[PDB]
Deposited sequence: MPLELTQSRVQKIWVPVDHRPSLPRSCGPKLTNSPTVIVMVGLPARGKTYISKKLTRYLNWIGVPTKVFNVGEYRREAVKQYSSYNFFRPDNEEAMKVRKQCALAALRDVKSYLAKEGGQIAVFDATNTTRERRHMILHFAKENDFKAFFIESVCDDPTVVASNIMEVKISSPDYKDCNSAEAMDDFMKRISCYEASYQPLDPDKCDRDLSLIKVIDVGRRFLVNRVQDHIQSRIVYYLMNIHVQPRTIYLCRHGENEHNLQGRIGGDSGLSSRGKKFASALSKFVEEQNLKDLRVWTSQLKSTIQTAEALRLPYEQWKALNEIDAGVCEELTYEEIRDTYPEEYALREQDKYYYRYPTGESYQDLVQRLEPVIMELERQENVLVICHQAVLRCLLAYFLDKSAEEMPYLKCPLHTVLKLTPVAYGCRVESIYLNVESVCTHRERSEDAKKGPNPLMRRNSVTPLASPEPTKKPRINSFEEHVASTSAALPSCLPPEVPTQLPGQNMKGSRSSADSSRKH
C-alpha cells in the first residue's frame, strides 16, 4: 500500500494514522587550500550533498577590523595567537551548528592546520560531536608555483587593499615563513597512520591516499585527482534553432531550421576565430545538436547524457497543450520546477545526476565545446557559476548564444557571445 508523490513522482508508504563529515584542509599558505575548498564545495552541493566552507581567514578578517602585516602571524605574537585560536574555535562552533543543527552534511574547515596540536584539537572536536574527519593536505615547494599563486589570489585580497605588488608580495612571503618552523606535514606512515586523508602533491602530480571511510570520501578523492589548473576554455551553447522551437513544442528530436543551420555556420566562424590549438566537441544524441556540430567540420563525440530533459508523456507537446491537457501537472511544475518530474519523465534533479559524468570529464579536459539543450545547459552552467537548485531551472540560456567560461581566481568567468542570428525565444519565467 503506497502512494505516488505528486511532484517528484516517488512512491512512499502511506501513513494514514549517515554521519556528517568535517573536511580538514592542511598546508602552508599559497597552496590552494581555499581554491580546493571552494571547488570541492561547489561540486558537492551540485550533486546534492549540502556542503559549506568555513574559512578561518574570514573569521579573522571579521574580528580584527582592518589588515596589519605579517607581524600578526608571528608565533611570538601572544595576542594574535589568542585571537587566531578564538577564530578557529568560533568556526568550529559554526561547524557544529551546520552539521548538527542546520542539515549540513560536509563542513570544510579551511585553514593551514599545519601543526599536529591543532589537528588533534579538531579530531577531538569531531570525536565528541560524532563527526567523521577527512584530511586534505596540499604540499608544493615549487617557488614558481607559490610565487604565481601569491600573484593570482593574494595581492588583490581585501587585506592588501592599500598595497602594491612589490610590497604585498613581500609581506606574504614573510607570512609564509611564519608557519614554516612549526609546520608538521601529515605522516600517513607513522603518526598519522590512522587518519583518513589525501595528500595532494605538486598540484596533483602525485597523491597519497590513506583509508577512505565511505563513498562520500571516495568521490571527493576521485574529484581531486581529476581537476587541474592548466588554462583552458569551455564553450557552451545549444543546438541551432529547430522545427519544434518554431512550433514551441518541447522535447522531440527535430532538425535545424533555415536559421538553425545559419547559426551552425556562424558557430564555425566563431570556433575558427578563436585560434585554439586543440578543441573537443561534444553533442547529445539528438539530431539538432549533431547537425550543428557537423557544420564545424571537426571530429565530435556524442553523449546520451547530454540529451535534453525527458518530458515524459508531454514530449512533442506545446506548453499551451500541456496547460490544457495536463493542467494539474502544469501547475505542479511551476510551483517546484527543480524537483518536479514529468510523468514517466525526468526532473532537473534527474539531469544533474545524469550529467555528473560530463562534469567530471570537463574537469579532466582542456578546451571543450559542448553543444546541448536548454535545461541541460542550465544544469552545467549552474555548476560552473555555482547557482542554487532554485535558480538553476530559470537561468537564461538563449538560442544562438555561446557562453565562454574561463578559469580565473577561485571560480569561472563567463562571457556571452550572440552569434548574430535570429531565432525564436524558448525562455519562460516563473508565473
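Of the deposited sequence, the ranges 1-3, 21-32, 447-520 have no C-alpha coordinates according to the record.
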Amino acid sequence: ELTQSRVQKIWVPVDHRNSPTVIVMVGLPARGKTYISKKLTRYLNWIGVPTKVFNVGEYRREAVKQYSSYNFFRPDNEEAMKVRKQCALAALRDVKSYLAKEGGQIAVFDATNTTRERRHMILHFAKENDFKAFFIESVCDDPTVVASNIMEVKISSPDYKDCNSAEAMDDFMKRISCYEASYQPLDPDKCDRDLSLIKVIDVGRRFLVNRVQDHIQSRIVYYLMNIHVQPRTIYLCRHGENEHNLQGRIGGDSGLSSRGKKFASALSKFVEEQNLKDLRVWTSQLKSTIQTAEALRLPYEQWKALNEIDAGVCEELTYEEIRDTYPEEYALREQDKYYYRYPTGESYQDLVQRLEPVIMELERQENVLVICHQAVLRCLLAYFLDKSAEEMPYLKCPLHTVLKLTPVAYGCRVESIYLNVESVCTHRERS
From here on, numbers count along this sequence of modelled residues.
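Rigid core: the largest C-alpha set superposing within 1.5 Å between the two forms.
Of 33-41 and 64-72, the stretch whose C-alpha atoms sit farther from the shown form in 9 other deposited structures of this protein, after fitting on the rigid core, is 64-72.
Between the stretches 214-222 and 156-164, it is 156-164 that shows the larger average CA temperature factor. Checked against the record, the higher mean CA B factor of 370-378 and 41-49 lies with 41-49. Per the deposited record, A147 carries the highest C-alpha B-factor of all listed residues (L267, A147, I359, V139).
Between the residues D110, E78, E241, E180, it is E78 that shows the highest Cα B-factor in the PDB record. Among the modelled residues of its chain, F54 has a C-alpha B-factor that falls in the lowest third according to the deposited record. In the deposited entry, the Cα temperature factor of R116 sits in the middle third of values across the chain's modelled residues. Sort the modelled residues of the chain by CA B factor and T406 lands in the middle third.
The deposited CA B-factor of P143 belongs to the middle third of values across its chain. Among all modelled residues in this chain, the alpha-carbon of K101 has a temperature factor (C-alpha) in the highest third.
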